[PDB]
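Accompanying notes for the structure given below.
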Amino acid sequence: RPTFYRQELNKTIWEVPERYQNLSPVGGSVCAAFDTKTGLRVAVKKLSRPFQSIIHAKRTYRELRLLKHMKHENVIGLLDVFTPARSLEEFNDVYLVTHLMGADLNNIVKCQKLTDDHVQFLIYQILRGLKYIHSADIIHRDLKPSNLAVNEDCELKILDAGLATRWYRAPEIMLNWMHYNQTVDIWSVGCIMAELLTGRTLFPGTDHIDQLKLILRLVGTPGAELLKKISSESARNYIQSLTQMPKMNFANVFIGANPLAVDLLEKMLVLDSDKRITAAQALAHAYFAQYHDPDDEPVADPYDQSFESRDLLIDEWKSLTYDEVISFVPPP
Ligand SMILES: CCCCCCCCO[C@@H]1O[C@H](CO)[C@@H](O)[C@H](O)[C@H]1O
């Protein structure tokens, strides 16, 4: 068991192994550090109240299980996980170590006007990461530029897959909607991609209803085919009672965009989820021909998420988390 040291950063106590030096607050809470073992910068996240409620204990476990599963180039994976605690009984704090990428896609759009080649490369990588996440039957659920780390070479990693602004949220989630599927992530990609092209937020809503109104201005009120699938009576007139609008021609909205980019946007930004392109299909779209390699777009091992159905006591979630900490095997 390594030697730990204690330090206080912004009135928070960090107790970490010595291998991690130069702790520096970036935002539980996150510290940048220097990993003397690999000679790289890392982010060390101390979880805040890991075991305070059943709901919290379960989400701490969820977070760890997810991070331990992710083994893909475009998905952030777990570099280390540790606790000061010897024994389960002293177990109270959880720290997660990941690659510090240095910028997010949000910081990047506000400076660089992005070229078409950059948008191909950036969206390609998001989709390649999503093909992997979705093959483990995981939904990101909150894909957005702040969840996208990008380095000097515009190489990209997806943060927080499966863990959860409303600007990138699919309409079905904005309206609650009993049960939705992985296609909500593709709506998000459409929103990101549009903004990487124009430099502007696609649907910068003020609140919830304003968001929905902007979405309908672009894509139009639902067609008869979508309305047939809507089982709830009230949702059905809450609809036929928002302002009647036609679908805009995206060729006319994203002027001066590559026509293949406009075509793929048309296939992502569809109200009806059943008709949205999938991550795998998109990777095969003519827009990424420079980047697509069918032999290098891997799928995930299966992810056992049965725990999601269970209602356990804080102590049990806590012991399950402790088992995961102990069983952790670091990457090559
Ligand atoms: C503005 C009105 C919102 C319409 C959004 C409905 C599109 C979501 O699409 C719907 O999603 C469900 C899964 O979530 C599917 O079971 C339905 O078949 C599909 O039409």
Side-chain angles (χ1 to χ4, degrees), residues 1-53 56-104 146-152 155 157-163 301 303-304 307 314-332:
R1 208 195 82 112
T3 298
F4 280 72
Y5 70 95
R6 296 194 30 146
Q7 188 185 27
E8 168 186 342
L9 276 322
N10 289 149
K11 267 145 154 154
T12 61
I13 307 286
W14 288 69
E15 189 159 352
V16 318
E18 25 173 49
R19 88 177 257 207
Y20 302 112
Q21 291 292 319
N22 306 309
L23 286 245
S24 186
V26 319
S29 350
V30 177
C31 275
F34 182 86
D35 180 5
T36 60
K37 207 256 178 305
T38 56
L40 309 160
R41 307 298 204 90
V42 290
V44 185
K45 174 195 179 176
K46 177 183 184 175
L47 303 187
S48 321
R49 289 262 218 150
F51 299 124
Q52 205 226 206
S53 54
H56 258 67
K58 193 177 155 153
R59 84 119 40 200
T60 288
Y61 179 71
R62 178 186 299 119
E63 187 164 348
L64 208 197
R65 290 285 314 279
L66 283 166
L67 277 167
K68 278 177 89 189
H69 192 79
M70 301 300 75
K71 297 176 184 298
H72 184 99
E73 279 149 27
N74 305 119
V75 186
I76 209 101
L78 223 201
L79 261 28
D80 189 20
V81 50
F82 61 77
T83 183
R86 340 161 176 268
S87 101
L88 171 51
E89 322 82 66
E90 312 200 288
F91 183 46
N92 240 238
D93 293 81
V94 180
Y95 294 77
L96 310 155
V97 189
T98 191
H99 272 145
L100 183 80
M101 292 260 285
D104 73 31
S146 66
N147 282 143
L148 303 163
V150 197
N151 77 9
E152 68 179 48
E155 296 183 322
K157 291 197 194 287
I158 296 168
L159 294 105
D160 288 346
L163 197 51
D301 279 354
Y303 174 67
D304 173 5
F307 80 85
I314 294 171
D315 282 313
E316 316 174 306
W317 291 123
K318 85 145 44 197
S319 176
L320 282 171
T321 302
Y322 192 72
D323 284 358
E324 293 292 326
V325 168
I326 271 87
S327 68
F328 174 77
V329 177

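FYI, side chains are in, hydrogens and waters are out, and symmetry mates aren't considered; it's all heavy atoms of this structure. For reference, positions follow the sequence shown, starting with 1.
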Report yes or no: does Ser327 contribute a side-chain atom to a donor-acceptor pair with the main-chain N or O of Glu324 at less than 3.5 Å?
yes
Sequence neighbours excluded - ring-ring contact (aromatic ring centres under 6.0 Å, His included) pairs with any residue from residues 24-45:
none
Whether the side chain of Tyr95 engages the backbone of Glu15 through a donor-acceptor N/O pair (distance < 3.5 Å, no angle test) should be reported.
yes
Under a 3.5 Å distance rule, please check whether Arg65 uses its side chain to pair with a backbone N or O of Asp304 as donor and acceptor.
yes
Between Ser146 and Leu159, what is the shortest heavy-atom contact and its length?
O-CD1, 4.4 Å
Can you confirm whether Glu63 sits close enough to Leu96 that some side-chain heavy atom of one is under 4.5 Å from a side-chain heavy atom of the other?
yes
Which atom pair, heavy atoms only, marks the closest approach of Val94 to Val81?
CG1-CG2, 4.3 Å
Those residues that, when tested against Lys318, pass side chain to side chain contact (heavy atoms under 4.5 Å, CB included) (two or more places apart):
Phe51, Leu88, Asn92, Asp315
Return the orientation label for the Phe91 and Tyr322 ring planes: parallel under 30°, perpendicular over 60°, tilted otherwise.
tilted
Would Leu100 and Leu40 count as a side-chain contact (heavy atoms from CB on, under 4.5 Å) if you check the C-alpha gap in whole Å, the side-chain angles of each, and the deciding distance to 0.1 Å?
CA-CA 9 Å; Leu100 183 80; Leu40 309 160; over 6 Å; no
When rounded to the nearest 0.5 angstrom, what distance separates CZ in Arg62 from CG in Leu67?
12.5 Å
Quick one: are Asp160 and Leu66 in side-chain contact, heavy atoms under 4.5 Å?
no
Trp14 side chain near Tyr20 side chain, heavy-atom distance below 4.5 Å:
no
Rounded to the nearest 0.5 Å, what's the gap from CD1 on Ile326 to CZ on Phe82? Could you check?
13.5 Å
To the nearest 0.5 Å, what is the distance between OG1 (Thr321) and CZ (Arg59)?
12.0 Å
Test your reading of the model: is there a side-chain donor-acceptor pair from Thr83 to the backbone of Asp93, 3.5 Å cut-off?
yes
Only residue of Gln21, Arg41, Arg19, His99 satisfying side-chain hydrogen bond (donor to acceptor under 3.5 Å, both in side chains) with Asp35 is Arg19
Between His69 (side chain only) and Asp301 (backbone N and O only), is there a donor and an acceptor less than 3.5 Å apart?
yes
CD1/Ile158 to CG/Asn147 distance, rounded to the nearest 0.5 angstrom?
9.0 Å
Sub-3.5 Å donor-acceptor pair from the side chain of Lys46 to the main-chain atoms of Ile13, do we have one?
yes
Short side-chain to backbone donor-acceptor contact, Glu155 and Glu152, under 3.5 Å
no
Please check this pair: side chain of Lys157 against backbone of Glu73, looking for a donor-acceptor N/O pair closer than 3.5 Å.
yes
Using the rule given for side-chain contact (heavy atoms from CB on, under 4.5 Å), can you reason through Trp317 versus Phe307, listing the C-alpha separation, both sets of side-chain angles and the distance that settles it, and then say yes or no?
CA-CA 10 Å; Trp317 291 123; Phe307 80 85; 3.8 Å; yes
